[PDB]
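A single chain, nothing else alongside it, follows as structure tokens in the form deposited in one PDB entry.
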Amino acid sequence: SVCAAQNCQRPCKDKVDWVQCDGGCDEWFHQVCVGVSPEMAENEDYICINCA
């Protein structure tokens, strides 16, 4: 699986956690690849590096 992060660490396993940018680009990222936790994912907004 590949996400939109600069260094998508190509997470290869069953069950992958994703998060989408609110900042505009509306692209998807592996939560691992952007270093965020599920709580941070569901409770608050995420602005990616390009949309920041």
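Between two forms, the rigid core is the largest collection of C-alphas that superpose within 1.5 Å. For every residue, the number given is its place in the sequence shown, counted from 1.
If you look for the form deposited in another entry, you will not find it shown, but the lines that follow are about it.
Undergrad: Kindly check if the Cα atom of residue 42 is displaced 2 angstroms or more between the shown form and the other one relative to the superposed rigid core.
TA: Comparing the forms between the shown form and the other one, which are aligned on their rigid core, residue 42 does not shift its C-alpha by 2 Å or more.
Undergrad: Answer yes if the Cα of residue 13 shifts by 2 angstroms or more between the shown form and the other one on a rigid-core superposition, and no otherwise.
TA: Yes, shifts by 2 Å or more.
Undergrad: Hey, the CA atoms of residue 42 and residue 9 end up closer or farther in the other entry than in the shown form, with the change being 3 Å or more?
TA: Closer together, which means the C-alphas of residue 42 and residue 9 are at least 3 Å nearer in the other entry.
Undergrad: Could you tell me whether residue 9 and residue 15 have their C-alpha atoms closer or farther apart in the other entry than in the shown form, knowing the shift is 3 angstroms or more?
TA: It is closer: in the other entry, the C-alpha atoms of residue 9 and residue 15 lie at least 3 Å nearer than they do here.
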